[PDB]
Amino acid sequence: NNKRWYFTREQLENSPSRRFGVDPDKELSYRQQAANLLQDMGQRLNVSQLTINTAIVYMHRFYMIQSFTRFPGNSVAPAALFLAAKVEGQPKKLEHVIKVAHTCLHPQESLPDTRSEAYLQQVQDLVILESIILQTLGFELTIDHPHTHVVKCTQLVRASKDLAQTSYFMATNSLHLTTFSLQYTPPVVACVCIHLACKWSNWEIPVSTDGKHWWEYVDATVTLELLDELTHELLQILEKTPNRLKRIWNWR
(Lines of atoms letter the chains of each structure in order from A and count residues from 1; the text may use other names and numbers.)
(Lines give C-alpha, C1' and ligand atoms only; values in the text may rest on other atoms or scores of the structure.)
Protein backbone atom coordinates (compact mmCIF):
# COMPACT_ATOMS: atom_id res chain seq x y z
CA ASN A 1 0.00 0.00 0.00
CA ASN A 2 2.98 2.33 0.76
CA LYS A 3 4.33 1.29 -2.71
CA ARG A 4 0.94 1.08 -4.51
CA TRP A 5 1.29 4.43 -6.28
CA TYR A 6 5.10 4.28 -6.71
CA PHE A 7 6.52 2.40 -9.70
CA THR A 8 9.66 1.09 -11.35
CA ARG A 9 10.85 2.62 -14.62
CA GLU A 10 9.76 -0.53 -16.53
CA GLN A 11 6.23 -0.21 -15.03
CA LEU A 12 6.05 3.36 -16.37
CA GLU A 13 7.39 2.13 -19.72
CA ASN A 14 4.60 -0.49 -20.23
CA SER A 15 1.79 1.79 -19.02
CA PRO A 16 -1.91 1.76 -20.03
CA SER A 17 -1.22 4.36 -22.73
CA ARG A 18 1.73 2.30 -24.09
CA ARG A 19 -0.58 -0.72 -24.26
CA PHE A 20 -3.06 1.19 -26.47
CA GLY A 21 -0.24 2.62 -28.62
CA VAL A 22 1.06 5.98 -27.42
CA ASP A 23 4.80 6.79 -27.73
CA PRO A 24 6.75 7.29 -24.41
CA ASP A 25 7.57 10.89 -25.39
CA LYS A 26 4.00 11.44 -26.59
CA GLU A 27 2.75 10.11 -23.24
CA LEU A 28 4.67 12.97 -21.50
CA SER A 29 3.02 15.66 -23.63
CA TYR A 30 -0.50 14.70 -22.53
CA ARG A 31 0.81 14.65 -18.95
CA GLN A 32 2.52 18.07 -19.26
CA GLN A 33 -0.53 19.54 -21.13
CA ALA A 34 -2.88 18.36 -18.37
CA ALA A 35 -0.67 20.00 -15.78
CA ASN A 36 -0.55 23.06 -18.05
CA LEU A 37 -4.40 23.06 -18.27
CA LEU A 38 -4.87 22.48 -14.53
CA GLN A 39 -2.58 25.44 -13.89
CA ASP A 40 -4.44 27.69 -16.38
CA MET A 41 -7.85 26.68 -14.99
CA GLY A 42 -6.80 26.84 -11.34
CA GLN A 43 -5.30 30.31 -11.74
CA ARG A 44 -8.66 31.52 -13.13
CA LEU A 45 -10.75 29.76 -10.41
CA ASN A 46 -8.45 31.31 -7.72
CA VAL A 47 -7.54 28.02 -6.05
CA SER A 48 -4.11 27.73 -4.43
CA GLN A 49 -1.11 26.08 -6.04
CA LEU A 50 -1.59 23.30 -3.47
CA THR A 51 -4.99 22.39 -4.94
CA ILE A 52 -3.52 22.40 -8.48
CA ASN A 53 -0.63 20.19 -7.36
CA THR A 54 -3.11 17.76 -5.73
CA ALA A 55 -5.03 17.70 -9.05
CA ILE A 56 -1.85 17.13 -11.06
CA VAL A 57 -0.98 14.16 -8.80
CA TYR A 58 -4.49 12.70 -9.20
CA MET A 59 -4.04 13.06 -12.95
CA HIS A 60 -0.56 11.48 -12.88
CA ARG A 61 -1.91 8.51 -10.87
CA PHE A 62 -5.10 8.28 -12.94
CA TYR A 63 -3.13 7.53 -16.15
CA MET A 64 -1.12 4.82 -14.45
CA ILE A 65 -4.41 2.84 -14.51
CA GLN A 66 -6.33 4.33 -17.49
CA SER A 67 -5.24 5.27 -21.04
CA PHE A 68 -5.17 8.71 -22.68
CA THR A 69 -6.79 7.08 -25.74
CA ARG A 70 -9.83 6.14 -23.59
CA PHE A 71 -9.82 9.35 -21.47
CA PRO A 72 -8.68 12.67 -22.98
CA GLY A 73 -6.76 15.04 -20.66
CA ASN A 74 -9.22 17.85 -21.57
CA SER A 75 -12.08 15.72 -20.15
CA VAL A 76 -10.21 14.51 -17.05
CA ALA A 77 -8.42 17.71 -15.89
CA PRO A 78 -11.61 19.70 -15.10
CA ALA A 79 -12.89 16.65 -13.13
CA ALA A 80 -9.54 16.06 -11.35
CA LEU A 81 -9.39 19.76 -10.41
CA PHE A 82 -13.05 19.90 -9.38
CA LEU A 83 -12.28 17.04 -6.97
CA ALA A 84 -8.97 18.53 -5.77
CA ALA A 85 -10.82 21.80 -4.91
CA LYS A 86 -13.29 19.95 -2.67
CA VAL A 87 -10.65 17.70 -1.04
CA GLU A 88 -8.40 20.71 -0.25
CA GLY A 89 -11.28 22.84 1.19
CA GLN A 90 -11.60 25.38 -1.65
CA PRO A 91 -14.63 23.90 -3.35
CA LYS A 92 -15.65 25.50 -6.62
CA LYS A 93 -19.14 25.11 -8.00
CA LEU A 94 -19.71 22.60 -10.79
CA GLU A 95 -21.15 25.18 -13.21
CA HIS A 96 -18.19 27.51 -12.49
CA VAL A 97 -15.58 24.79 -13.21
CA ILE A 98 -17.33 23.79 -16.46
CA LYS A 99 -17.67 27.41 -17.53
CA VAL A 100 -13.94 28.10 -16.82
CA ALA A 101 -12.75 24.85 -18.38
CA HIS A 102 -14.67 25.84 -21.52
CA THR A 103 -12.97 29.24 -22.01
CA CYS A 104 -9.52 27.68 -21.57
CA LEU A 105 -10.23 24.92 -24.09
CA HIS A 106 -12.33 27.08 -26.45
CA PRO A 107 -11.06 30.71 -26.13
CA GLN A 108 -13.03 32.01 -29.12
CA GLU A 109 -16.20 29.90 -28.68
CA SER A 110 -18.95 31.34 -26.50
CA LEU A 111 -20.57 28.95 -23.99
CA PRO A 112 -23.66 26.81 -24.78
CA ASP A 113 -27.04 27.76 -23.33
CA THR A 114 -27.30 26.37 -19.77
CA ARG A 115 -30.87 25.24 -20.61
CA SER A 116 -29.57 23.26 -23.66
CA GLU A 117 -29.05 19.50 -23.96
CA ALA A 118 -25.35 19.98 -24.83
CA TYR A 119 -24.65 21.85 -21.56
CA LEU A 120 -26.80 19.56 -19.39
CA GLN A 121 -24.80 16.69 -20.99
CA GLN A 122 -21.30 18.09 -20.39
CA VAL A 123 -22.29 18.84 -16.76
CA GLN A 124 -23.28 15.19 -16.25
CA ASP A 125 -20.07 14.16 -18.06
CA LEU A 126 -17.95 15.95 -15.43
CA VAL A 127 -19.86 14.45 -12.52
CA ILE A 128 -19.51 10.96 -14.08
CA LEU A 129 -15.77 11.43 -14.73
CA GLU A 130 -15.24 12.50 -11.08
CA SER A 131 -16.69 9.18 -9.89
CA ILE A 132 -14.36 7.40 -12.36
CA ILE A 133 -11.31 9.21 -10.90
CA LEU A 134 -12.39 8.33 -7.32
CA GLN A 135 -12.72 4.62 -8.09
CA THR A 136 -9.45 4.52 -10.06
CA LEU A 137 -7.62 6.18 -7.13
CA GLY A 138 -9.35 3.88 -4.60
CA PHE A 139 -10.48 7.04 -2.77
CA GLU A 140 -6.86 7.68 -1.69
CA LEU A 141 -7.18 11.47 -1.91
CA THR A 142 -4.79 12.70 0.78
CA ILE A 143 -1.70 13.63 -1.21
CA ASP A 144 1.58 14.66 0.39
CA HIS A 145 3.60 17.08 -1.78
CA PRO A 146 7.36 17.87 -1.82
CA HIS A 147 6.53 21.52 -0.88
CA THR A 148 5.99 20.58 2.80
CA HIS A 149 9.50 19.09 3.02
CA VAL A 150 11.04 22.16 1.36
CA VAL A 151 10.48 24.25 4.54
CA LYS A 152 11.82 21.40 6.76
CA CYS A 153 15.12 21.97 4.95
CA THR A 154 15.37 25.59 3.70
CA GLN A 155 14.38 27.39 6.95
CA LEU A 156 16.54 25.09 9.12
CA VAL A 157 19.56 25.14 6.72
CA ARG A 158 19.00 28.95 6.53
CA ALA A 159 18.94 30.30 2.97
CA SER A 160 17.39 33.47 1.53
CA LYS A 161 14.05 34.38 -0.08
CA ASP A 162 15.78 33.69 -3.40
CA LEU A 163 16.78 30.11 -2.43
CA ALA A 164 13.66 29.35 -0.35
CA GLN A 165 11.24 30.35 -3.12
CA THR A 166 13.33 28.88 -5.98
CA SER A 167 12.99 25.45 -4.35
CA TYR A 168 9.15 25.69 -4.44
CA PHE A 169 9.30 26.59 -8.15
CA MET A 170 11.31 23.41 -8.83
CA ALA A 171 8.82 21.28 -6.88
CA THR A 172 5.88 22.86 -8.70
CA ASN A 173 7.60 22.25 -12.05
CA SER A 174 8.52 18.66 -11.05
CA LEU A 175 4.78 17.87 -11.02
CA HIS A 176 4.20 19.66 -14.35
CA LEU A 177 7.24 18.31 -16.20
CA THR A 178 8.29 14.95 -14.67
CA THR A 179 6.76 11.77 -13.29
CA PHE A 180 8.83 11.97 -10.06
CA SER A 181 5.56 12.00 -8.05
CA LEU A 182 5.03 8.40 -9.33
CA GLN A 183 8.62 7.22 -8.48
CA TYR A 184 10.29 8.96 -5.54
CA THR A 185 8.53 9.85 -2.31
CA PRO A 186 7.76 13.53 -1.49
CA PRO A 187 10.72 14.06 0.85
CA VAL A 188 13.12 12.59 -1.77
CA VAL A 189 11.73 14.91 -4.48
CA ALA A 190 12.15 17.87 -2.06
CA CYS A 191 15.88 17.07 -1.86
CA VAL A 192 16.17 16.98 -5.68
CA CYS A 193 14.51 20.43 -5.80
CA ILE A 194 16.81 22.04 -3.22
CA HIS A 195 19.91 20.39 -4.73
CA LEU A 196 19.03 21.84 -8.15
CA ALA A 197 18.11 25.22 -6.57
CA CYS A 198 21.56 25.32 -4.99
CA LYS A 199 23.23 24.59 -8.36
CA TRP A 200 21.11 27.29 -10.06
CA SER A 201 22.10 29.94 -7.40
CA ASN A 202 25.73 28.83 -6.92
CA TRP A 203 24.82 27.95 -3.31
CA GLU A 204 26.98 25.53 -1.32
CA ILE A 205 25.32 24.12 1.79
CA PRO A 206 28.23 22.97 3.95
CA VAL A 207 29.14 19.58 5.44
CA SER A 208 27.64 19.59 8.98
CA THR A 209 30.29 19.30 11.77
CA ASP A 210 29.42 15.59 12.33
CA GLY A 211 30.75 14.65 8.88
CA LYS A 212 27.21 14.93 7.51
CA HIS A 213 25.28 16.33 4.52
CA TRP A 214 22.00 18.29 4.69
CA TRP A 215 19.87 15.64 2.92
CA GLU A 216 20.26 13.02 5.71
CA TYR A 217 18.14 15.32 7.97
CA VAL A 218 15.34 15.22 5.33
CA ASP A 219 15.47 11.53 4.31
CA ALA A 220 18.23 8.99 5.12
CA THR A 221 17.52 6.96 1.92
CA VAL A 222 19.06 9.65 -0.34
CA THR A 223 22.57 9.49 -1.88
CA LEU A 224 24.45 12.08 -4.01
CA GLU A 225 24.59 9.56 -6.93
CA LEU A 226 20.80 9.84 -6.99
CA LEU A 227 20.51 13.64 -6.63
CA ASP A 228 23.07 14.30 -9.42
CA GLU A 229 21.15 11.84 -11.63
CA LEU A 230 17.70 13.37 -10.91
CA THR A 231 18.75 17.04 -10.86
CA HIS A 232 20.21 16.26 -14.29
CA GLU A 233 16.84 14.83 -15.43
CA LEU A 234 14.77 17.76 -14.04
CA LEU A 235 17.16 20.39 -15.47
CA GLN A 236 16.96 18.84 -18.99
CA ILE A 237 13.15 19.08 -19.20
CA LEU A 238 13.26 22.63 -17.74
CA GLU A 239 15.58 23.65 -20.62
CA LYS A 240 13.15 22.08 -23.07
CA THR A 241 10.20 23.91 -21.47
CA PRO A 242 10.23 27.32 -23.17
CA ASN A 243 10.31 30.47 -20.99
CA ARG A 244 10.20 28.50 -17.67
CA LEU A 245 13.85 28.99 -16.59
CA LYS A 246 13.65 32.72 -17.48
CA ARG A 247 11.42 33.09 -14.38
CA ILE A 248 14.29 31.97 -12.13
CA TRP A 249 17.18 33.41 -14.21
CA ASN A 250 19.53 36.11 -12.87
CA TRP A 251 19.70 39.17 -15.18
CA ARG A 252 22.57 40.84 -13.32
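Just count from 1 along the sequence shown to find any residue number.
Averaged over CA atoms, B-factors in the entry run higher in 153-161 than in the other of 153-161 and 127-135.
As recorded in the PDB entry, 118-126 is the stretch of 118-126 and 99-107 with the greater mean C-alpha temperature factor. Taking only the listed residues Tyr63, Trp203, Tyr184, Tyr30, the entry reports the highest CA temperature factor at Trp203. For the set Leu38, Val218, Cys193, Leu45, the PDB entry puts the maximum C-alpha B factor at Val218. Among all modelled residues in its chain, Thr241 ranks in the lowest third by Cα B-factor. The PDB entry assigns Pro112 a C-alpha temperature factor belonging to the highest third of its chain's modelled residues. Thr69: CA B factor in the middle third of modelled residues in this chain (values from the PDB entry). Remark: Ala197 belongs to the middle third of its chain, ranked by C-alpha B-factor as recorded. Sort the chain's modelled residues by C-alpha temperature factor and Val57 lands in the lowest third, per the entry.
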